[PDB]
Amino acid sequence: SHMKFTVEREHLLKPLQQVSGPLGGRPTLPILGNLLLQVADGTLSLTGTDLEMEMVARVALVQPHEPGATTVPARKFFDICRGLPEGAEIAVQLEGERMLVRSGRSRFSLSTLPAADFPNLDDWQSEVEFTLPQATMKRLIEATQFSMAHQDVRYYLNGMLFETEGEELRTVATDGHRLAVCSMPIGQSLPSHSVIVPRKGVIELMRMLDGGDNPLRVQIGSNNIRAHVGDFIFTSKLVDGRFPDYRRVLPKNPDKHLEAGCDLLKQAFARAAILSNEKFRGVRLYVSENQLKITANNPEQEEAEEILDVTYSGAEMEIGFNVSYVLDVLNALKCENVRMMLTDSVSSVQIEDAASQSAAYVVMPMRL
């Protein structure tokens, strides 16, 4: 009840922003809208949770301090510190059930809830551990995030598969119509392990990465995943389910390969999409010798047609696709040329960067 600390604003701002950002989603449970503050030894720990995931930040206390703990409204405390001027010294002390914040001639009195009432952390043990650059995790998530299901009745699809095996880390996401897979080497021999990170967890893991030189350290348990970057520790529950065996649906023997410029292909699909059915978004692809024709029609009987020069020397074919699924892939590919691998008009197509096998995308066609 006698916690005291003084911290410079810029050493407190990012911790508060990171731990407080995800909070406020459980309005019937007031204490989950608060941050747990703990002063012990020379460290201030800041914890916020929604019971599904948790964010912890450590702040070094260089100025005199006194041990203690409390909980305070997260966003208000963040807004106060961010509203103070650059360079401000933020003196905090507990006085009964009020937390007092002083800086210059700005004084604030916040309401508290006892630290003893804060949900005590999930106790779990790590089963797999590895380190990798932040940029590599950045790439793995961006390459597949868009293919995750949104509010699918199949809860096990509303997340991202994280797969470790040998020297490879792999992410997979699918909604049953389209699939994205991305693999990166990490340089450690790892045991074979597959876990599903919930959608919200993926986003939060995404947003704590600053690309900087700090490495990322991942610990995977049986029911939780943890990411440690610098002075931040993020923990999330795993989705307790089984991801589909995606290897079975990867096109087995695509004998027809098409290559085209990524941008020209994307700008052509994007124009044709304008006159596609606004709900079903169907477009038609006609592939012939070194030529791709894209058409679109809508209930108003309006029509678009695009003809592109491509590299294709296979059987003539027609195949329908949801143009949004196609455009999402081309937007996710940040490359010069793309390769499309086809089988027939009723089978999926595999799309990739022509110059890299790192990421692959499988899109199921439409019956147009």
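Here the rigid core means the biggest group of C-alpha atoms that line up within 1.5 Å when the two forms are laid on top of each other. All residue numbers refer to positions in the sequence shown, first residue = 1.
Aligning on the core, I want to see which stretch wanders more in 7 other deposited structures of this protein. Is it 108-116 or 225-233 by C-alpha RMS?
With the rigid core superposed, the C-alphas that lie farther in 7 other deposited structures of this protein are those of 108-116.
With everything overlaid on the rigid core, name the stretch, 178-186 or 92-100, whose CA atoms wander farther on average in 7 other deposited structures of this protein.
Higher root mean square deviation of C-alphas in 7 other deposited structures of this protein is shown by 92-100.
At least a third of the other compared entries lacking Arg26?
In at least a third of the comparable entries (those modelling both sides of it), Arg26 has no coordinates.
Selected stretch [higher average CA B-factor]: 125-133 or 72-80
Higher of the two, by average CA B-factor, is 125-133.
Which of the two stretches, 354-362 or 12-20, shows the higher mean Cα temperature factor in the record?
Stretch with the higher mean C-alpha B-factor: 354-362.
Would you mind finding, among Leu250, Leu100, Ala115, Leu238, the residue with the largest C-alpha temperature factor in the entry?
Top of the list by C-alpha B-factor: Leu250.
Which of these has the highest Cα B-factor in the record: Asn331, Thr49, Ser324, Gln38?
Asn331 has the highest C-alpha B-factor of those listed.
Is the Cα B-factor recorded for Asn277 in the lowest, middle or highest third of its chain?
Middle third of the chain for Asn277's C-alpha B-factor.
Using the B-factors in the PDB entry, rank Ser183's C-alpha atom against the chain and give the third, lowest, middle or highest.
Its C-alpha B-factor belongs to the middle third of this chain's values.
Compared with the other modelled residues in the chain, in which third is the CA B-factor of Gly320?
Its C-alpha B-factor, which the entry lists for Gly320, ranks in the middle third among residues of this chain.
Check where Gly201 lands among this chain's C-alpha B-factors and tell me if it's the lowest, middle or highest third.
Bottom third by C-alpha B-factor.
Considering only modelled residues of the same chain, in which third does the CA B-factor of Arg58 rank: lowest, middle or highest?
It falls in the top third of the chain.
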